[PDB]
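Everything below concerns the one structure shown next.
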Amino acid sequence: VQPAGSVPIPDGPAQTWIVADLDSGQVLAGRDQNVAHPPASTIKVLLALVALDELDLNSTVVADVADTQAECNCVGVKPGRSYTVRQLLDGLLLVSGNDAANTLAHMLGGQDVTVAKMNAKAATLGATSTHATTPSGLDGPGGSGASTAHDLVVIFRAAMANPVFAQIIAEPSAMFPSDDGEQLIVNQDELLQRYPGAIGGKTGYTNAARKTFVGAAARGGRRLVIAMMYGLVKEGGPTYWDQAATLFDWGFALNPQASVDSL
């Protein structure tokens, strides 16, 4: 659970969580880090990994009508318009665009083959408790899907190893093509502004998943990665931003030579 002799970790709304070293892969602490829950939009990180593995950032696609129809939220993809893989990754990661997700899946061969590719990729990473049902993290034909706090940081750790991902996820904003003729899209990960040394994160929410989060931070040459699942913020209670900051602060204060397990 945590190293013998370390100080208490303050509780927060997230029901499962884990704190790991992003570079060493060592686990510092966890609560039910292997219990499965729906991932919501944290799974968009797994989608981004498949896109980065298979698609050139300069490659383009002309969106279909089906690409542009999706449940909240959307970046604003429009039918008949052209988009680069980089632009779709911006929409996917900065504002959690489900149309961007749809459109990337189009490029990877459709919804079904994209989900299959995502599940194959998770297996190769050792994320063996993860089952995506949609590219977006929305509910789909197979239901809400599944992952675990452990599997989420494994997936995020692999994404952070790609410097393209590390850059996009930490981007404050980007310019996205619109029908007049560019719109500023702003990174929704508030940890970037709330917690110094934060280097990126992905939030998620559905009714089935409740709130989810996976992200990383750096302090003095040390880098940590955390994931948090299945939480609801109560009025006057700690937020996901509070708990993320507390987990990072606990982890950086921990003896740098201490760990409880390996990813």
Side-chain angles (χ1 to χ4, degrees), residues 14-22 25-55 89 92-93 96 98 100-102 104-105 108-162 165-166 169 189 200-216 224-231 240 244 247 261-263:
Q15 291 309 282
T16 81
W17 50 262
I18 195 174
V19 177
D21 192 302
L22 182 65
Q26 285 297 286
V27 183
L28 307 194
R31 176 183 186 197
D32 283 338
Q33 60 263 48
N34 296 313
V35 175
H37 291 290
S41 284
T42 57
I43 211 64
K44 287 186 167 72
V45 174
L46 176 56
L47 170 60
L49 268 174
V50 174
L52 284 169
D53 276 11
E54 297 193 15
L55 302 177
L89 290 176
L92 182 79
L93 297 181
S96 213
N98 295 322
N102 286 171
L104 284 166
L108 296 159
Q111 288 274 303
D112 299 331
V113 320
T114 295
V115 173
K117 288 177 178 187
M118 290 166 68
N119 286 324
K121 178 75 184 181
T124 66
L125 294 177
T128 55
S129 302
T130 296
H131 174 66
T133 54
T134 65
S136 67
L138 290 168
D139 292 336
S144 298
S147 195
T148 66
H150 168 278
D151 278 17
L152 286 183
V153 302
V154 165
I155 293 169
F156 200 85
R157 182 165 179 243
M160 290 288 306
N162 189 317
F165 180 91
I169 202 71
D189 174 18
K202 188 66 195 80
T203 58
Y205 173 84
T206 69
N207 187 68
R210 304 178 182 178
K211 298 176 70 67
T212 60
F213 176 82
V214 61
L224 294 183
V225 55
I226 68 172
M228 285 159 52
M229 307 189 81
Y230 207 64
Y240 257 39
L247 288 176
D261 197 9
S262 304
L263 291 177

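Just so you know, residue 1 is the first one in the sequence shown, and it goes up from there. Heavy atoms only: backbone and side chains are in, while hydrogens, waters and symmetry mates are out.
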Review point. Under the side-chain contact (heavy atoms from CB on, under 4.5 Å) criterion, do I43 and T130 qualify, and how do the steps go?
Key: CA-CA 9 Å; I43 211 64; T130 296; 4.0 Å; yes
Practice item. Applying side-chain contact (heavy atoms from CB on, under 4.5 Å), run through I18 and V225 and close with a yes or a no. Key: CA-CA 8 Å; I18 195 174; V225 55; over 6 Å; no
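- In this structure, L47 CG and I155 CD1 are separated by 11.5 Å, a value rounded to the nearest 0.5 Å.
- A distance-only check finds no donor-acceptor pair linking the side chain of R31 to the backbone of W17 [under 3.5 Å].
- When all heavy atoms of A209 and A40 are compared, the pair lying nearest together is CB-CB, 3.8 Å.
- Taking all atoms of both residues into account, the shortest heavy-atom contact from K44 to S136 is NZ-O, 3.0 Å.
- The CG atom of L138 sits 6.5 Å away from the OG atom of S41 when rounded to the nearest 0.5 Å.
- The list of salt bridge (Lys or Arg N to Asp or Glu O under 4.0 Å) pairs with a residue in residues 118-137, not counting sequence neighbours, reads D53-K121.
- Side-chain contact between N102 and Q111: present, with at least one pair of heavy atoms (C-beta onward) separated by less than 4.5 Å.
- Atom OG of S96 and atom NZ of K202 lie 3.0 Å apart (nearest 0.5 Å).
- Using a 4.5 Å cut-off on side-chain heavy atoms (C-beta onward), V50 and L108 make contact.
- Minimum heavy-atom separation, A48 to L89: CB-CD2, 4.1 Å.
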Exercise for review: Check step by step if side-chain contact (heavy atoms from CB on, under 4.5 Å) holds for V27 and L263.
Suggested key: CA-CA 6 Å; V27 183; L263 291 177; 3.8 Å; yes
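- Taking CZ of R157 as the start and CG of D21 as the end, the distance is 8.0 Å to the nearest 0.5 Å.
- Listed here is the closest heavy atom pair of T212 and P38: CG2-O, 3.7 Å.
- Scanning for side-chain hydrogen bond (donor to acceptor under 3.5 Å, both in side chains) contacts around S144 gives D139, with sequence neighbours left out.
- Without hydrogens or angle criteria, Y240 side chain to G231 main chain gives a donor-acceptor distance under 3.5 Å.
- Atoms OG1 and CG, from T134 and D112 in turn, are 11.5 Å apart once rounded to the nearest 0.5 Å.
- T124 is linked by a side-chain hydrogen bond (donor to acceptor under 3.5 Å, both in side chains) to nothing, counting only residues two or more places apart in sequence or in another chain.
- No side-chain donor from either of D32 and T16 sits under 3.5 Å from a side-chain acceptor of the other.
- Contact detail for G200 and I169: the closest heavy-atom pair is CA-CG2, 4.0 Å.
- Taking CG of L92 as the start and CG of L104 as the end, the distance is 6.0 Å to the nearest 0.5 Å.
- Here the side chain of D151 pairs no donor or acceptor atom with the backbone of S147 at under 3.5 angstrom.
- Residues passing the side-chain hydrogen bond (donor to acceptor under 3.5 Å, both in side chains) test with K211, sequence neighbours excluded: none.
- Contacts classified as ring-ring contact (aromatic ring centres under 6.0 Å, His included) and involving residues 135-160 (residues at least two apart or in different chains) are given here: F156-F165.
- Nearest heavy atom pair, residue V115 against residue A132, reads CG1-O, 3.3 Å.
- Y230 is linked by a ring-ring contact (aromatic ring centres under 6.0 Å, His included) to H37, counting only residues two or more places apart in sequence or in another chain.
- Checked by atom type, the side-chain pair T148/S129 shows no donor-acceptor distance below 3.5 Å.
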Practice item. Test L224 against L22 for side-chain contact (heavy atoms from CB on, under 4.5 Å), laying out the working first. Key: CA-CA 5 Å; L224 294 183; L22 182 65; over 6 Å; no
